[PDB]
Every structure is written in C-alpha cells, then in structure tokens.
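The figures that follow rest on heavy atoms only: side chains count, while hydrogens, waters and symmetry mates do not. Note that ligands are numbered from 1 as they come in the structure, with each ligand's atoms numbered from 1 the same way. Chain naming here is simple, since letters A, B, ... match the order of the sequence lines and numbering starts at 1 in each.
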Amino acid sequence: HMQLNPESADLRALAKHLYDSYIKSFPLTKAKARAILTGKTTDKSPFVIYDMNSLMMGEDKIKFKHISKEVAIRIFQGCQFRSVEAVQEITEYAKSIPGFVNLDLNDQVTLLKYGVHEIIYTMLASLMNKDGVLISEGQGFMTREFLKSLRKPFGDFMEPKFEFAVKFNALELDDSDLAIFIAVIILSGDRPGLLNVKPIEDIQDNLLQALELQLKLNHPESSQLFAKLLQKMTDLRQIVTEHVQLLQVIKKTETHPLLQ
Amino acid sequence: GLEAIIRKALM
Ligand SMILES: *c1cc(F)c(C(=O)NCc2ccc(F)cc2)cc1C(=O)Nc1ccc(OC(F)F)cc1C
C-alpha cells in the first residue's frame with residue numbers, strides 16, 4: 001500500500017521544485033493556455049488566422065517578437081524563431097533539474113540536443129485544440145486546416161504535431177504532471193554519444209519515482225497512466241525522427257539574430 | 001545551430 005513517509009515527501013518536494021522551475025522557464029503554462037482556448041480568461045482574446053485574408057490582417061494586428069514574399073516561408077520562419085526561443089527556455093528548465101548541471105558539460109549538451117524536439121511536441125500540445133494552435137504568447141490562434149492548406153512541403157509540417165496532441169491532450173495532464181514528464185525525457189541515458197550514462201540513469205530513476213507518485217496522486221481515474229506516459233515518450237522518439245527527416249527536405253529544397 | 005544555442009544558454 002502507499003504511505004506518506006520521508007521518501008514520498010522528498011518525491012513531492014522534487015515535484016514542487018520542478019513545477020516552480022517549469023512556471024519560471026515557460027511563461028505560458030498549460031493552465032493559462034487552456035483558459036485562453038476555452039474563453040475562460042479575462043486576458044486579451046486571441047486574433048484568429050483561418051484563411052489568407054486573416055493571415056495578411058494578422059501579420060499587422062498580432063504583435064510578433066521577430067522584427068520572403070511567400071506566406072508559407074514567412075510562417076515557417078516565424079516557426080523557426082519560436083523554436084530557438086523554446087530551446088533556450090528548455091535549457092533554462094534543464095539547469096534547475098537536481099543533478100543536471102553537475103553532469104559532464106558535453107553530456108548536458110547531448111541530452112538537450114536529442115531532447116528538445118520531443119519536449120517541443122510535448123509543449124505544443126498544451127497550446128493546441130482540435131481547431132488550431134495558440135501563437136505569439138497567446139495573442140494569436142492559427143487553425144489546423146489553414147496550416148494544412150499551405151503548399152508542399154509546409155502544409156504537412158504541423159499535421160503530425162496535431163495528431164500527437166489530440167491523443168496526448170486526452171490524458172488531461174496538468175503543468176505539475178508535465179514538469180516531471182519533461183524532466184524524465186531530458187534525463188534519457190540512451191542518447192547517442194553520452195560519456196557517463198550511470199549518473200544520468202540515477203537522476204532519471206528518481207524522476208520516474210516522482211512522476212509515478214505525481215500521477216497516482218493527481219489521476220485517480222487512470223491507474224496505468226504512468227505506463228501510458230512512458231508509451232508516449234517511446235512514440236515521441238519515432239515522431240521526432242520523421243520531424244528531422246522533413247526539416248532536411250526543407251533545408252535542401254527551399255531557400256535568428258542570436259545565431260548571428 | 002542547435003548545439004550553439006544550447007551551449008550559449010547553458011553558460
Ligand atoms: C517550427 C519550425 C521549425 F523549423 C522548427 C525546427 O525544429 N527547426 C529546427 C531548429 C534548428 C535550430 C534550432 F536552434 C532550433 C530548431 C520548429 C518549429 C516549432 O515547433 N516551433 C515552435 C516551437 C515551440 C513552440 O512552443 C512551445 F514550446 F510549445 C511553438 C512553436 C511554433
């Protein structure tokens with residue numbers, strides 16, 4: 001049976017540490033995204049881009065954080081810039097996971113290099129519903145069918161992210177669950193080219209214990225949710241494979257200030 | 001680029 005003992009309390013404090021860091025590193029939380037998407041917020045109502053006329057009007061009315069004549073490339077470039085920002089936020093989050101900054105720096109880089117796309121699919125789900133995706137820190141909303149309407153190869157770029165999100169969002173995870181789930185993904189001891197695997201697995205084992213407890217406490221209706229989330233971490237591996245294949249097609253078939 | 005941004009963000 002489950003007991004409230006010193007070990008369980010340490011796992012709750014680890015979970016709370018990760019939640020607080022997650023809130024700090026990712027300003028637009030799932031709770032705030034859901035409130036925007038269900039019209040249950042007093043914050044500013046997002047502008048909806050559902051066709052070319054509303055895109056042209058949105059470019060001018062939505063206030064994008066980034067200063068080609070082709071719509072599909074302008075949108076893909078906005079996508080690229082947002083991913084650079086997300087890599088930074090994810091790296092800031094990783095620095096808060098107990099043990100991570102004490103690992104060999106090369107292994108810190110390798111964990112993040114192979115982890116950030118899995119975490120990007122994960123965090124995009126928080127911003128997605130059946131209709132579309134929140135953009136520009138919640139100031140805009142771009143529809144799933146408008147993205148699908150963009151010419152090849154851009155039209156199929158976001159489709160697998162929506163597909164994943166439909167199934168993932170049905171698990172009804174909250175920010176406390178996601179904080180730990182993302183930390184487990186980052187501390188994957190099977191990334192290619194790691195030098196010192198055991199210390200990574202040691203941290204992951206503690207994170208897995210914390211995740212399991214979080215899901216039992218937070219999800220009374222789903223006894224095997226832990227197993228279901230490990231299944232999603234497995235799915236994200238083959239899905240990122242397909243994402244990087246499509247990124248290479250774009251890099252060599254089509255034409256960020258921090259990158260200089 | 002990805003590695004460069006990670007090393008930048010880690011420092
Ligand atoms: C859109 C376009 C795109 F090209 C990428 C991508 O993976 N580019 C590769 C790359 C190369 C170097 C580098 F430093 C980073 C990435 C990604 C996306 C995409 O998903 N954008 C994005 C990321 C995060 C989001 O929000 C939150 F994190 F979910 C939202 C969006 C639109």
Tell me, please, whether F157(A) has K161(A) positioned over its six-membered ring: NZ or CZ under 6.0 Å from the ring centre and within 45 degrees of its axis? yes
Please work out, at 4.0 Å between heavy atoms, whether the side chain, the backbone, both, or neither of [X] comes within that distance of ligand 1.
{"X": "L124(A)", "answer": "both"}
{"X": "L259(A)", "answer": "neither"}
{"X": "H256(A)", "answer": "neither"}
{"X": "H117(A)", "answer": "side chain"}
{"X": "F157(A)", "answer": "side chain"}
{"X": "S83(A)", "answer": "both"}

Ligand-side contact atoms (ligand 1) for residue partner [X], heavy atom cut-off under 4.0 Å:
{"X": "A86(A)", "result": "24 (C), 28 (F)"}
{"X": "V84(A)", "result": "14 (F)"}
{"X": "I5(B)", "result": "14 (F)"}

Using a strict cut-off of less than 4.0 Å between a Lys/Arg side-chain nitrogen and an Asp/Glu carboxylate oxygen, indicate whether [X] and [Y] qualify as a salt bridge.
{"X": "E89(A)", "Y": "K24(A)", "answer": "no"}
{"X": "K228(A)", "Y": "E212(A)", "answer": "no"}
{"X": "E59(A)", "Y": "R74(A)", "answer": "yes"}

Does ligand 1 have an atom that lies less than 4.0 angstrom from a heavy atom of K161(A)? no
What I want to check is whether the side chains of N218(A) and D174(A) have a donor and an acceptor closer together than 3.5 Å. yes
Taking the side chain as everything from C-beta on, heavy atoms only, tell me whether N129(A) gets closer than 4.5 Å to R34(A).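 Touching, per the 4.5 Å side-chain cut-off.
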Going by heavy atoms in the side chains, are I49(A) and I62(A) under 4.5 Å from each other? yes
Check: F146(A) ring centroid to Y50(A) ring centroid under 6.0 Å: no
Option with minimal heavy-atom separation from atom 1 (C) of ligand 1, where the choices are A125(A), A33(A), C79(A), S136(A):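 Looking at heavy atoms only, the winner is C79(A).
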Select the closest option to atom 11 (C) of ligand 1 among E3(B), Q88(A), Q80(A), judged by heavy-atom distance.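 Shortest heavy-atom distance from atom 11 (C) of ligand 1: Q80(A).
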Any idea how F76(A) and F154(A) line up, ring-wise: parallel (<30°), tilted (30 to 60°), or perpendicular (>60°)?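 The arrangement is tilted - the two ring planes meet at 30° to 60°.
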Quick one: nearest non-hydrogen protein atom to atom 20 (O) of ligand 1, plus distance? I120(A) CG2, 3.5 Å
Closest to atom 31 (C) of ligand 1 among protein heavy atoms sits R82(A) CG, 3.5 Å
